[PDB]
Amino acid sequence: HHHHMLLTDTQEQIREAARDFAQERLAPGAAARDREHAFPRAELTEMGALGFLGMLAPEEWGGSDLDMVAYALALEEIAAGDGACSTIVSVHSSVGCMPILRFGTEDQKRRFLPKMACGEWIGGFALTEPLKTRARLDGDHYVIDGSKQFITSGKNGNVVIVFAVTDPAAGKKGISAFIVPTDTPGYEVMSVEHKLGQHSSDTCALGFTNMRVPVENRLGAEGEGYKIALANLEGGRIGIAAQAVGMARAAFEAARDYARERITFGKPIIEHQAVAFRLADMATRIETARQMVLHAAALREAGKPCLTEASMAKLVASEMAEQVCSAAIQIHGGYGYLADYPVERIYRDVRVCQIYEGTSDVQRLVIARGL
């Protein structure tokens, strides 16, 4: 019999499969993709063949249809190999694929989900603005004019869910969602931002000018945009929480290894008390955050309310990860500040986990409302 509150063998197998892939195929190029700001298209293609871009899609659409706990385990492994890659996957899965799955017509799902589930088409989500973006009905097309900011995969993605006002008098009831191929004429990347880290993943400002979108690409009814925009808060926040755990873990393992190789020289790490206790604290914080992330994922999988718990997980893991990554740098001494070791990059990569997908204060606000 399966032990209560322990991972199933299938969940452990998925974790190991994600680990094997991330370590063998993502980690060796992670530093280079950081230096080059290079989108991991080749690696995403590989991942797609192995089911890692279809984890939240059902099998009938080409997905691997994982439970939410397994999905979190997989994202953690991917993040421990390459942080930016885990961002691209989390966004793709939770707010690229899921809105089309839940709100799409059968024909919209046929047209978009198989190529998204195998990772051929990478999905993005364009809600946030510098809503002023609007969509005007013109016969068999909507005409979209506006702009978006901080859009992950706005340039390298193939399909982006665009949110635009269709009735300015209806306020939050007057927004609609649109499935927009990124090669639609009038779709424009205004900028790819230079960031502190996760260089490999494009974060974009978009402009839409006279951008004609077929009425058959409207996701849901006119006015359903607000509901659609909020439909995956939990999945997204769980995913970013998992990636923060993964990056923290990678930095911890680097620091543990450096301690054994370069501080104690093979002797028990416990022989250097301060460094041993610091590593113990790091391990404890990582494990504790992980259990919060998996708890939230378990609630989501069961369809229970979990906005509070997902937000808690995202908050506690993102803040944990900066502390652990910084301690990983300290343990490396002078080498911690050098690009030759991975912990300075992981530090840079992880800092944005407290900022996107709801800033920490946005998380606190929803947690406070649900007390």
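Start at 1 and count along the sequence shown; that's the residue number.
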How much of the deposited sequence is absent from the coordinates between residue 168 and residue 169: none, 1 to 3, 4 to 9, or 10 or more residues? none
Of 28 to 36 and 323 to 331, the stretch whose C-alpha atoms average the higher B-factor in the entry: 28 to 36
On mean C-alpha B-factor from the PDB entry, just flag whether 279 to 287 or 202 to 210 is the higher one. 202 to 210
Name the one of 154, 81, 236, 186 with the greatest CA B-factor according to the PDB entry. 186
Candidate residues 248, 221, 95, 240, the one whose C-alpha B factor the record puts highest: 221
Going by the CA temperature factor in the PDB record, which third of the chain does residue 77 belong to: lowest, middle or highest? lowest
Residue 256 by Cα B-factor - lowest, middle or highest third of the modelled chain: lowest
Split the chain's modelled residues into thirds by Cα B-factor; is residue 158 in the lowest, middle or highest one? middle
For residue 128, the third of its chain by CA B-factor is the highest
For the chain shown, is the CA B-factor of residue 293 in the lowest, middle or highest third of its modelled residues? lowest
